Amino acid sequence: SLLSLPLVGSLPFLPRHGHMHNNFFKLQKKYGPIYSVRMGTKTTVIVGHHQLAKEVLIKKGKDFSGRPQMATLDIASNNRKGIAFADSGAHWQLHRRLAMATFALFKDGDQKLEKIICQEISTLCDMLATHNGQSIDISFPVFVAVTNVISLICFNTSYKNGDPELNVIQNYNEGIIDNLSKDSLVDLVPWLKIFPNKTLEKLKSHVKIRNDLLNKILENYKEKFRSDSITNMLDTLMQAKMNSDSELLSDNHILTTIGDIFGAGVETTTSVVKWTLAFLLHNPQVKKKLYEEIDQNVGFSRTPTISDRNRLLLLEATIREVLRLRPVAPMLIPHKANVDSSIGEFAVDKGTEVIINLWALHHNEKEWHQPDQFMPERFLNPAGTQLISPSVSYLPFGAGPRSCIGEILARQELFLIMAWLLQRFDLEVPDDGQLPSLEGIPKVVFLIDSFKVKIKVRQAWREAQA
């Protein structure tokens, strides 16, 4: 005969316990593949089935192409300018098209995308070879390689070995990623609006070093820009300013688009490489089969080529399986409803935040055989002769208006970095028994805990030098 306590708030699970993308997933067993949460006035919908996800991303793509406003993303994007964190509208559509246009320039020519990548990988494999017999963290060497690539794609410039500017870029990259969000971008409770903290203070300072550095590059480039030479992204963006839309192509607009491209080009790829090495250290059977495949298909007469993706199918599968088990963005980047719409015939109102739980799509037990397993074989027919698409619930690069604009660069960097390393190096467990933790660290990107790997030059790659 006792009364029930008045309830002021309620959340499905504890905050800051487990990974958000996995807590939403576990929650589907209670409430289904689509449900909503209310935080004050803000409403958020989480979608964990491929059918509903393809509706949000593709079929109704234009309706759910907005980006919500976050205090941190404002600072990082210079008030919602750029591509990734910009709302759907004039700025985003223009710059995304220009950035996409830039990548199209890299069909075979004097700067074929493969040759830029290979030029930097040869330097990487040379540096790593000097550590023959030692255990090292490959974060920075790989960071340098991909930084020089995207730097060439953006400014036709690279960094000389040992340039301190690289160490400066790494510093503010780790600083922004750290403070851009505690754990995932999706944050149930707005902790930084509640308690006194220094998060935005710290974030602004790392953004100042980033903005100042890029502002130096841009100003210097106004002197080198010639309209008759459009070979990099900064040319494309400047070429567009003159033609005018000039209010959409100010210096601050160009700054952020380069920042978005510059940032995503180094951190996403560096992360996926580290993830792949981690899985290969936990699966020596796979790693052994990858050496055999590359020995019988590429050998040592030459270095790997992008065409070799026709031969090295277990490698393409491995990369596919990593992008599945540990997606770079397990919950994509939050979407926002631009207008009143629906998902699964449920109503969704304008301004409502919408998150696609890609982690749920890649771990759904009905669409995948033993989804929590690392099985690159699942992307190959039973004969290991050609690649397959075993499930329709697989969107490593997203889909629709907001899909990845650098997917091409990503797949090529990943395939070539892994191909060059496997040809030349034995990548074994360090002298201490430590294996990397495959748990992961959910940030704006799904990072892996730093770890060491014992690198040795392969006996076969050596004998082939006589």
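Throughout, rigid core stands for the largest set of C-alpha atoms superposing within 1.5 Å between the two forms. From 1 onward, residues are counted along the sequence shown.
Relative to the displayed structure, the C-alphas of 98-106 lie farther away on average in 6 other deposited structures of this protein than those of the other candidate, with 314-322 and 98-106 compared after rigid core superposition. Rigid core superposition in 6 other deposited structures of this protein puts the Cα atoms of one stretch, out of 182-190 and 336-344, farther from the shown form on average, and that stretch is 182-190.
In the deposited sequence, the stretch from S244 to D245 hides 4 to 9 residues that have no coordinates.
Of the two segments examined, 288-296 and 171-179, it is 288-296 that shows the higher average Cα temperature factor in the deposited entry. The mean Cα B-factor in the deposited entry runs higher for 234-242 than for the other of 234-242 and 205-213. Of the candidates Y221, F143, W92, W275, it is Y221 whose Cα B-factor is highest according to the PDB record. When the C-alpha B factors of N357, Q386, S184, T352 are read from the deposited coordinates, the top value falls at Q386.
Split the chain's modelled residues into thirds by C-alpha temperature factor. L7 is in the lowest one.
When the modelled residues of the chain are ordered by their C-alpha B factor, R80 lands in the highest third. When the modelled residues of the chain are ordered by their C-alpha B factor, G133 lands in the lowest third. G440: CA B factor in the lowest third of modelled residues in this chain (values from the PDB entry).
When the CA B factors of the chain's modelled residues are split into thirds, the value for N148 lands in the middle one.
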